[PDB]
file final.cif (mmCIF, C-alpha atoms and all ligand atoms)
data_start
#
loop_
_atom_site.label_atom_id
_atom_site.label_comp_id
_atom_site.auth_asym_id
_atom_site.auth_seq_id
_atom_site.Cartn_x
_atom_site.Cartn_y
_atom_site.Cartn_z
CA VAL G 1 13.25 125.21 217.83
CA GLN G 2 14.20 123.12 214.79
CA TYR G 3 14.11 119.67 216.47
CA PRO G 4 11.43 119.88 219.17
CA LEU G 5 11.22 117.04 221.70
CA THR G 6 7.43 116.99 221.19
CA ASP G 7 4.69 118.83 219.35
CA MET G 8 2.80 121.01 221.86
CA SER G 9 1.30 123.70 219.63
CA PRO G 10 -1.70 122.49 217.61
CA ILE G 11 -0.89 121.59 214.00
CA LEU G 12 -2.49 123.90 211.44
CA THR G 13 -1.58 122.27 208.10
CA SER G 14 -2.00 123.90 204.69
CA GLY G 15 -2.40 120.65 202.70
CA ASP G 16 -1.57 116.94 202.61
CA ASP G 17 -0.27 126.22 195.55
CA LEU G 18 -4.02 125.64 195.82
CA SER G 19 -3.98 126.56 199.52
CA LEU G 20 -2.42 129.94 198.62
CA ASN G 21 -4.17 133.10 197.44
CA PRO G 22 -5.27 132.66 193.77
CA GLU G 23 -4.01 136.09 192.63
CA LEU G 24 -0.63 135.51 194.28
CA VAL G 25 -0.35 132.10 192.59
CA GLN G 26 -1.27 133.52 189.16
CA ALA G 27 1.30 136.28 189.60
CA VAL G 28 3.95 133.74 190.63
CA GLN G 29 3.01 131.36 187.80
CA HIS G 30 3.73 133.91 185.05
CA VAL G 31 7.29 134.61 186.36
CA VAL G 32 8.04 130.89 186.86
CA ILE G 33 11.59 129.58 186.42
CA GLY G 34 11.80 125.87 185.56
CA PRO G 35 13.34 123.81 188.39
CA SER G 36 15.96 122.42 185.97
CA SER G 37 16.87 125.82 184.49
CA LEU G 38 18.11 127.09 187.89
CA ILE G 39 21.19 125.81 189.69
CA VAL G 40 21.28 126.83 193.34
CA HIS G 41 24.70 126.53 194.99
CA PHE G 42 23.70 125.76 198.56
CA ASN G 43 27.37 125.42 199.52
CA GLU G 44 27.85 129.06 198.51
CA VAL G 45 25.77 131.07 200.93
CA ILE G 46 25.65 134.82 200.25
CA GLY G 47 23.85 135.64 203.51
CA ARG G 48 22.01 133.91 206.35
CA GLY G 49 19.11 135.00 208.53
CA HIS G 50 16.80 133.41 211.07
CA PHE G 51 13.81 133.25 208.67
CA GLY G 52 15.54 132.88 205.27
CA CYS G 53 18.82 132.71 203.32
CA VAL G 54 20.40 133.89 200.07
CA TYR G 55 22.59 131.70 197.85
CA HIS G 56 24.62 132.13 194.70
CA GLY G 57 22.71 130.72 191.77
CA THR G 58 23.20 130.28 188.05
CA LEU G 59 20.35 130.71 185.59
CA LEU G 60 20.51 129.52 181.98
CA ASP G 61 18.56 131.67 179.53
CA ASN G 62 17.17 130.20 176.27
CA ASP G 63 20.41 131.16 174.48
CA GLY G 64 22.49 129.06 176.93
CA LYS G 65 24.26 132.00 178.58
CA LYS G 66 24.94 131.66 182.32
CA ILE G 67 23.37 134.41 184.43
CA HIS G 68 24.74 134.99 187.92
CA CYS G 69 21.90 135.41 190.39
CA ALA G 70 21.06 135.57 194.05
CA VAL G 71 18.54 132.97 195.22
CA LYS G 72 16.48 133.84 198.27
CA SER G 73 14.99 130.96 200.25
CA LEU G 74 12.68 130.45 203.24
CA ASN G 75 14.18 128.47 206.13
CA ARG G 76 10.83 126.81 206.98
CA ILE G 77 7.77 126.20 204.76
CA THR G 78 5.33 124.97 207.46
CA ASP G 79 3.63 128.34 208.11
CA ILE G 80 1.27 129.43 205.33
CA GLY G 81 1.46 133.12 206.27
CA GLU G 82 5.27 133.07 206.10
CA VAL G 83 5.22 131.29 202.71
CA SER G 84 2.69 133.82 201.34
CA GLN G 85 4.62 136.83 202.67
CA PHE G 86 7.82 135.33 201.17
CA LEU G 87 6.32 135.00 197.69
CA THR G 88 4.70 138.43 197.98
CA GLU G 89 8.15 139.88 198.84
CA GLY G 90 9.35 138.61 195.45
CA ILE G 91 6.28 139.15 193.30
CA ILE G 92 5.79 142.85 194.15
CA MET G 93 8.85 143.59 191.95
CA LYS G 94 7.09 142.20 188.86
CA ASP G 95 5.14 145.49 188.74
CA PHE G 96 8.21 147.73 189.11
CA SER G 97 10.30 148.85 186.20
CA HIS G 98 12.95 151.37 187.20
CA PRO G 99 16.79 151.29 187.15
CA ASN G 100 16.91 152.22 190.87
CA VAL G 101 14.57 149.48 191.98
CA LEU G 102 15.55 145.83 192.30
CA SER G 103 13.96 143.57 189.67
CA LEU G 104 12.81 139.97 189.84
CA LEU G 105 14.25 137.40 187.42
CA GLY G 106 11.64 134.87 188.53
CA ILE G 107 10.46 132.38 191.11
CA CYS G 108 11.44 128.70 191.03
CA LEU G 109 8.83 126.38 192.44
CA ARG G 110 10.12 122.84 192.93
CA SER G 111 8.37 119.69 194.19
CA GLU G 112 10.10 119.81 197.58
CA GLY G 113 11.01 122.67 199.93
CA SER G 114 11.08 126.45 199.77
CA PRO G 115 10.06 128.40 196.72
CA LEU G 116 13.11 130.20 195.37
CA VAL G 117 12.99 133.88 194.53
CA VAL G 118 15.72 134.59 191.95
CA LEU G 119 17.30 138.05 191.75
CA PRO G 120 20.04 139.47 189.55
CA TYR G 121 23.34 139.26 191.41
CA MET G 122 24.33 142.60 192.93
CA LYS G 123 28.13 142.57 192.81
CA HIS G 124 28.62 145.09 195.65
CA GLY G 125 25.84 143.78 197.88
CA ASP G 126 24.06 146.13 200.21
CA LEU G 127 24.86 149.85 200.10
CA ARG G 128 25.60 150.02 203.83
CA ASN G 129 28.29 147.29 203.71
CA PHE G 130 29.76 148.85 200.56
CA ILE G 131 30.24 152.33 202.07
CA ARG G 132 31.42 150.86 205.41
CA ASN G 133 34.08 148.86 203.57
CA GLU G 134 37.33 150.83 203.94
CA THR G 135 38.62 149.40 200.60
CA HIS G 136 36.23 151.71 198.74
CA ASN G 137 37.08 155.41 198.44
CA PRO G 138 33.84 157.25 197.68
CA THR G 139 33.89 161.04 197.42
CA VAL G 140 31.09 163.28 198.72
CA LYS G 141 29.80 163.39 195.12
CA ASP G 142 29.77 159.58 194.92
CA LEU G 143 27.91 159.41 198.21
CA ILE G 144 25.39 162.13 197.32
CA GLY G 145 25.07 160.36 193.93
CA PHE G 146 23.93 157.17 195.70
CA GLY G 147 21.41 159.21 197.72
CA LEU G 148 20.16 160.75 194.49
CA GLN G 149 19.74 157.26 193.06
CA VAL G 150 17.77 156.13 196.10
CA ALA G 151 15.64 159.27 195.77
CA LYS G 152 14.86 158.45 192.13
CA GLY G 153 13.89 154.86 193.08
CA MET G 154 11.63 156.18 195.81
CA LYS G 155 10.13 158.82 193.51
CA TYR G 156 9.12 155.97 191.20
CA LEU G 157 7.84 153.79 194.04
CA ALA G 158 5.98 156.74 195.57
CA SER G 159 4.46 157.45 192.12
CA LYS G 160 3.14 153.85 192.17
CA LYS G 161 1.66 154.44 195.69
CA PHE G 162 4.08 151.90 197.17
CA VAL G 163 5.07 152.49 200.79
CA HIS G 164 8.48 150.97 201.50
CA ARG G 165 8.30 150.88 205.34
CA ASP G 166 11.97 149.87 205.80
CA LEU G 167 14.03 152.28 203.74
CA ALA G 168 17.62 152.04 204.96
CA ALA G 169 21.07 151.64 203.39
CA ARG G 170 21.07 147.95 204.43
CA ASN G 171 18.11 147.38 202.06
CA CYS G 172 19.55 149.10 198.99
CA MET G 173 21.65 147.01 196.67
CA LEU G 174 24.58 148.12 194.57
CA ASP G 175 25.28 146.45 191.23
CA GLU G 176 28.50 146.22 189.17
CA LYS G 177 27.97 149.62 187.50
CA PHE G 178 27.42 151.17 190.94
CA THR G 179 23.72 151.51 190.28
CA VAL G 180 21.64 151.60 193.45
CA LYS G 181 18.66 149.22 193.55
CA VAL G 182 16.12 150.19 196.20
CA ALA G 183 14.97 146.94 197.80
CA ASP G 184 14.04 145.06 200.98
CA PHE G 185 15.62 141.83 202.28
CA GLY G 186 12.34 141.05 204.10
CA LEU G 187 12.47 137.46 205.41
CA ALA G 188 16.13 137.17 204.28
CA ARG G 189 16.99 139.90 206.83
CA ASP G 190 20.62 139.38 207.80
CA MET G 191 21.09 137.92 211.29
CA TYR G 192 23.38 140.83 212.28
CA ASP G 193 20.66 143.44 211.56
CA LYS G 194 18.49 142.26 214.50
CA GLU G 195 19.86 145.08 216.68
CA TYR G 196 18.29 147.59 214.29
CA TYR G 197 14.86 145.98 214.63
CA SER G 198 13.37 146.61 218.06
CA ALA G 199 6.47 143.90 216.03
CA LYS G 200 10.18 143.96 215.14
CA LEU G 201 10.43 147.51 213.75
CA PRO G 202 13.35 149.62 212.45
CA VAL G 203 12.90 152.36 215.05
CA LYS G 204 15.98 154.46 214.29
CA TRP G 205 14.82 154.88 210.67
CA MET G 206 11.16 155.57 211.58
CA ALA G 207 9.25 158.86 211.55
CA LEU G 208 8.06 160.40 214.81
CA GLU G 209 4.40 159.57 213.98
CA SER G 210 5.12 155.96 212.87
CA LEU G 211 6.86 155.31 216.19
CA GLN G 212 3.55 156.08 217.94
CA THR G 213 0.93 154.74 215.49
CA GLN G 214 3.10 152.09 213.79
CA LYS G 215 1.51 153.37 210.57
CA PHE G 216 3.68 153.99 207.52
CA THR G 217 3.28 156.41 204.62
CA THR G 218 5.31 157.83 201.77
CA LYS G 219 5.92 160.77 204.12
CA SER G 220 7.31 158.35 206.73
CA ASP G 221 9.50 156.91 203.92
CA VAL G 222 10.81 160.48 203.46
CA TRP G 223 11.89 160.47 207.12
CA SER G 224 13.74 157.19 206.60
CA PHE G 225 15.32 158.61 203.47
CA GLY G 226 16.77 161.43 205.54
CA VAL G 227 18.31 158.86 207.86
CA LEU G 228 19.54 156.99 204.82
CA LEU G 229 21.23 160.20 203.64
CA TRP G 230 22.83 160.45 207.07
CA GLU G 231 24.06 156.86 206.78
CA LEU G 232 25.64 157.69 203.42
CA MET G 233 27.53 160.81 204.53
CA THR G 234 28.87 159.04 207.62
CA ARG G 235 29.76 156.06 205.40
CA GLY G 236 27.43 153.73 207.26
CA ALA G 237 27.72 154.82 210.88
CA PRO G 238 24.83 153.51 213.01
CA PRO G 239 22.26 156.24 213.67
CA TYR G 240 21.92 157.51 217.27
CA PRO G 241 24.73 155.47 218.87
CA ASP G 242 13.18 154.97 223.71
CA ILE G 243 14.04 156.70 220.42
CA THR G 244 10.66 158.46 220.54
CA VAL G 245 11.50 160.06 223.89
CA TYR G 246 14.96 161.05 222.61
CA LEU G 247 13.49 162.70 219.51
CA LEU G 248 10.76 164.40 221.54
CA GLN G 249 13.41 166.11 223.67
CA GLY G 250 13.97 168.17 220.50
CA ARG G 251 16.83 166.33 218.76
CA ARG G 252 17.85 165.14 215.32
CA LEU G 253 20.91 163.28 214.01
CA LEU G 254 23.91 165.61 213.98
CA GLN G 255 25.33 166.91 210.74
CA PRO G 256 28.08 164.55 209.51
CA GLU G 257 31.44 166.22 208.94
CA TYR G 258 31.39 165.44 205.19
CA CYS G 259 27.70 166.36 204.83
CA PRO G 260 27.38 169.71 203.05
CA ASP G 261 25.12 172.28 204.75
CA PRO G 262 22.47 172.30 201.97
CA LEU G 263 22.22 168.50 202.27
CA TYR G 264 21.74 168.71 206.03
CA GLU G 265 19.01 171.29 205.52
CA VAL G 266 17.40 168.64 203.32
CA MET G 267 17.72 165.94 206.02
CA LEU G 268 16.11 168.34 208.52
CA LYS G 269 13.16 168.83 206.09
CA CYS G 270 12.90 165.04 205.75
CA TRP G 271 12.56 164.96 209.51
CA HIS G 272 9.95 167.72 209.68
CA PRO G 273 7.76 167.09 212.77
CA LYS G 274 4.72 167.48 210.49
CA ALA G 275 4.66 164.75 207.83
CA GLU G 276 2.70 166.85 205.33
CA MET G 277 5.50 169.44 205.43
CA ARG G 278 8.16 166.91 204.46
CA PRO G 279 9.46 167.12 200.88
CA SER G 280 8.18 164.76 198.17
CA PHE G 281 10.66 162.32 196.66
CA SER G 282 10.20 164.33 193.46
CA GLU G 283 11.42 167.48 195.24
CA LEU G 284 14.26 165.50 196.86
CA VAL G 285 15.37 164.32 193.42
CA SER G 286 15.32 167.92 192.24
CA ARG G 287 17.11 169.29 195.30
CA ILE G 288 19.74 166.60 195.60
CA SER G 289 20.43 166.62 191.86
CA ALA G 290 21.28 170.32 192.24
CA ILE G 291 23.51 169.78 195.28
CA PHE G 292 25.18 166.82 193.55
CA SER G 293 25.97 168.90 190.46
CA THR G 294 28.02 171.32 192.54
CA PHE G 295 30.65 168.71 193.50
CA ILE G 296 33.52 167.48 191.37
CA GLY G 297 34.80 164.43 193.28
CA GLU G 298 37.63 166.06 195.29
CA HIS G 299 36.30 165.35 198.82
CA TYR G 300 37.18 161.79 199.89
CA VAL G 301 35.08 160.58 202.82
CA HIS G 302 36.80 158.51 205.53
CA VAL G 303 35.32 155.36 207.10
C1 LIG J 1 27.11 140.33 197.07
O1 LIG J 1 26.16 140.11 198.12
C2 LIG J 1 24.80 140.04 197.90
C3 LIG J 1 24.25 140.15 196.63
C4 LIG J 1 22.86 140.07 196.45
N1 LIG J 1 22.38 140.20 195.20
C5 LIG J 1 21.06 140.14 194.97
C6 LIG J 1 20.17 139.95 196.03
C7 LIG J 1 20.62 139.82 197.33
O2 LIG J 1 19.73 139.62 198.37
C8 LIG J 1 18.40 139.98 198.22
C9 LIG J 1 18.08 141.32 198.23
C10 LIG J 1 16.78 141.74 198.06
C11 LIG J 1 15.74 140.83 197.89
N2 LIG J 1 14.50 141.40 197.74
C12 LIG J 1 13.31 140.82 197.55
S1 LIG J 1 13.11 139.15 197.43
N3 LIG J 1 12.22 141.59 197.42
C13 LIG J 1 12.29 142.93 197.48
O3 LIG J 1 13.33 143.57 197.63
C14 LIG J 1 10.97 143.65 197.33
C15 LIG J 1 11.12 145.16 197.29
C16 LIG J 1 11.49 145.79 196.11
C17 LIG J 1 11.60 147.17 196.07
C18 LIG J 1 11.36 147.93 197.20
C19 LIG J 1 10.99 147.30 198.39
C20 LIG J 1 10.86 145.91 198.43
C21 LIG J 1 16.05 139.47 197.87
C22 LIG J 1 17.38 139.05 198.04
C23 LIG J 1 22.01 139.88 197.54
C24 LIG J 1 22.57 139.76 198.82
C25 LIG J 1 23.96 139.85 198.99
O4 LIG J 1 24.57 139.74 200.21
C26 LIG J 1 23.91 139.83 201.47
CL CL J 2 33.36 165.54 196.08
#
call {"tool": "encode", "arguments": {"input": "final.cif", "output": "structure tokens"}}
result
Amino acid sequence: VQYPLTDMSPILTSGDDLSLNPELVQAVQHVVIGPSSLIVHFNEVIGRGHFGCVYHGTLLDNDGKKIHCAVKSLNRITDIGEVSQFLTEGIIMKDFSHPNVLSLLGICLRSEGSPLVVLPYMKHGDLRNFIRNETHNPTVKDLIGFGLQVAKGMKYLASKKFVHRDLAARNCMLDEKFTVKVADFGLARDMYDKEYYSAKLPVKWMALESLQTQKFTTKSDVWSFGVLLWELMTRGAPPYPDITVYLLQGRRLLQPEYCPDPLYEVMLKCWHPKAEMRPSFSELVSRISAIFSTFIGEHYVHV
């Protein structure tokens, strides 16, 4: 409710930066973008969600060159926990340095309104929408290639002991050189993804054990990766067109028609009932790199 008739809920106010966590603030301060150095084009919305939004922005570097960016914004800055989670969603990238992981250009704090997390524009948007878009004509090799890229990102993130928790094609970005940036929209979650979040959790991407404990690990990320592979080879079909009960009947996602057998064997390993028996992202990189190398771009996958 944006325009309530009356306040009913008690008002917990966070002021009249200092109210935030010191370490978070320090981290945000050293990736600061000056309010005047960023132009946000609020008329040019890239994507809307119920908690946040993403706009086209332009950033001027010190040399005067215009940089095209995406500017993520919080719809409401009255809840301190939401504001903190929002800045954390941006600042976590400051400690990642990998070509298959989304980077942070900076965070613009202005005198009024939402902080603004600035990201490099990703020409082709989210991987799911890209592969679903009929206009594109990816081959099996292209599609496996994207999976390989996601695997490399996750290998790096796993090496840094980072648990993704929401690995899915919708959360991977694709830049102009068709480089896949593992990511997470977080509070800018698109309003049309709500069906995939059932806490609101992404149940169709979640490991058997996470569905029951709601605990997430790198091994549960491996499960999600398998589903992500499935998404790729079906060119973005929704998985499993209660999921715990379904799975526990003894089922897995069916092999997609354009999914090669060795790659399905890999998805099945990613869905091993026992988490500890699931492949590492390192092994997935190895395995998928091999499978990838066998193709030559002659199998075109239909939407
Ligand atoms: C061309 O279209 C788009 C183009 C778009 N280019 C750019 C950005 C976009 O949105 C994002 C995407 C992602 C984030 N991510 C943030 S703030 N944090 C994280 O992703 C943290 C993180 C990092 C690695 C692993 C897990 C978690 C913000 C905004 C874009 C969205 C677009 O359309 C929906
Ligand atoms: Cl191919």
call {"tool": "closest_atom_pairs", "arguments": {"input": "final.cif", "of": "chain G", "to": "ligand LIG 1 (chain J)", "cutoff": "7 Å", "atoms": "only C-alpha atoms and all ligand atoms", "output": "tab-separated table"}}
result
residue	atom	partner	partner_atom	distance
G:46	CA	J:LIG1	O4	5.0
G:47	CA	J:LIG1	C26	4.7
G:54	CA	J:LIG1	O2	6.0
G:69	CA	J:LIG1	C5	6.6
G:70	CA	J:LIG1	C5	4.7
G:71	CA	J:LIG1	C22	6.8
G:72	CA	J:LIG1	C22	5.3
G:89	CA	J:LIG1	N3	4.6
G:90	CA	J:LIG1	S1	4.3
G:92	CA	J:LIG1	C14	6.1
G:93	CA	J:LIG1	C16	5.4
G:101	CA	J:LIG1	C17	5.6
G:102	CA	J:LIG1	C16	5.6
G:117	CA	J:LIG1	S1	6.0
G:119	CA	J:LIG1	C5	5.4
G:120	CA	J:LIG1	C5	5.6
G:121	CA	J:LIG1	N1	4.0
G:122	CA	J:LIG1	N1	3.8
G:123	CA	J:LIG1	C1	4.9
G:124	CA	J:LIG1	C1	5.2
G:125	CA	J:LIG1	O1	3.7
G:126	CA	J:LIG1	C25	6.4
G:164	CA	J:LIG1	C19	5.4
G:173	CA	J:LIG1	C9	6.9
G:182	CA	J:LIG1	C18	5.4
G:183	CA	J:LIG1	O3	3.8
G:184	CA	J:LIG1	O3	3.7
G:185	CA	J:LIG1	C10	4.4
G:186	CA	J:LIG1	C12	6.6
G:188	CA	J:LIG1	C22	6.6
call {"tool": "residues_near_ligand", "arguments": {"input": "final.cif", "ligand": "ligand CL 2 (chain J)", "cutoff": "6 Å", "atoms": "all atoms listed in the file", "output": "PyMOL selection string"}}
result
chain G and resi 139-141+295-299
call {"tool": "closest_residue", "arguments": {"input": "final.cif", "among": "G:146, G:55, G:130, G:264", "to": "residue G:226", "atoms": "all atoms listed in the file"}}
result
G:264
call {"tool": "closest_residue", "arguments": {"input": "final.cif", "among": "G:19, G:129, G:171, G:103", "to": "residue G:224", "atoms": "all atoms listed in the file"}}
result
G:171
call {"tool": "residues_around", "arguments": {"input": "final.cif", "residues": "residue G:286", "least_positions_apart": "3", "cutoff": "12 Å", "atoms": "all atoms listed in the file", "output": "list in words"}}
result
residues 147, 148, 149, 151, 152, 155, 266, 279, 280, 281, 282, 283, 289, 290, 291, 292 and 293 of chain G
call {"tool": "residues_around", "arguments": {"input": "final.cif", "residues": "residue G:219", "least_positions_apart": "6", "cutoff": "9 Å", "atoms": "all atoms listed in the file", "output": "VMD selection string"}}
result
chain G and resid 163 207 270 275 to 281
call {"tool": "write_last_selection", "arguments": {"input": "final.cif", "atoms": "C-alpha atoms", "output": "CSV table (one decimal), in the coordinates of the input"}}
result
chain,number,residue,atom,x,y,z
G,163,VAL,CA,5.1,152.5,200.8
G,207,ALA,CA,9.2,158.9,211.6
G,270,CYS,CA,12.9,165.0,205.8
G,275,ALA,CA,4.7,164.8,207.8
G,276,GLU,CA,2.7,166.8,205.3
G,277,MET,CA,5.5,169.4,205.4
G,278,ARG,CA,8.2,166.9,204.5
G,279,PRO,CA,9.5,167.1,200.9
G,280,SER,CA,8.2,164.8,198.2
G,281,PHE,CA,10.7,162.3,196.7
call {"tool": "closest_residue", "arguments": {"input": "final.cif", "among": "G:193, G:80, G:256, G:204", "to": "residue G:15", "atoms": "all atoms listed in the file"}}
result
G:80
call {"tool": "atom_distance", "arguments": {"input": "final.cif", "atom1": "atom CA of residue G:41", "atom2": "atom CA of residue G:91"}}
result
22.4 Å
call {"tool": "closest_residue", "arguments": {"input": "final.cif", "among": "G:83, G:50, G:39, G:274", "to": "residue G:194", "atoms": "only C-alpha atoms"}}
result
G:50
call {"tool": "residues_around", "arguments": {"input": "final.cif", "residues": "residue G:24", "least_positions_apart": "4", "cutoff": "12 Å", "atoms": "all atoms listed in the file", "output": "list in words"}}
result
residues 17, 18, 19, 20, 28, 29, 30, 31, 83, 84, 85, 86, 87, 88, 89, 90, 91, 92, 94 and 107 of chain G
call {"tool": "closest_residue", "arguments": {"input": "final.cif", "among": "G:137, G:13, G:21, G:37", "to": "residue G:79", "atoms": "only C-alpha atoms"}}
result
G:13
call {"tool": "atom_distance", "arguments": {"input": "final.cif", "atom1": "atom CA of residue G:65", "atom2": "atom CA of residue G:42"}}
result
20.9 Å
call {"tool": "atom_distance", "arguments": {"input": "final.cif", "atom1": "atom CA of residue G:229", "atom2": "atom CA of residue G:180"}}
result
13.3 Å
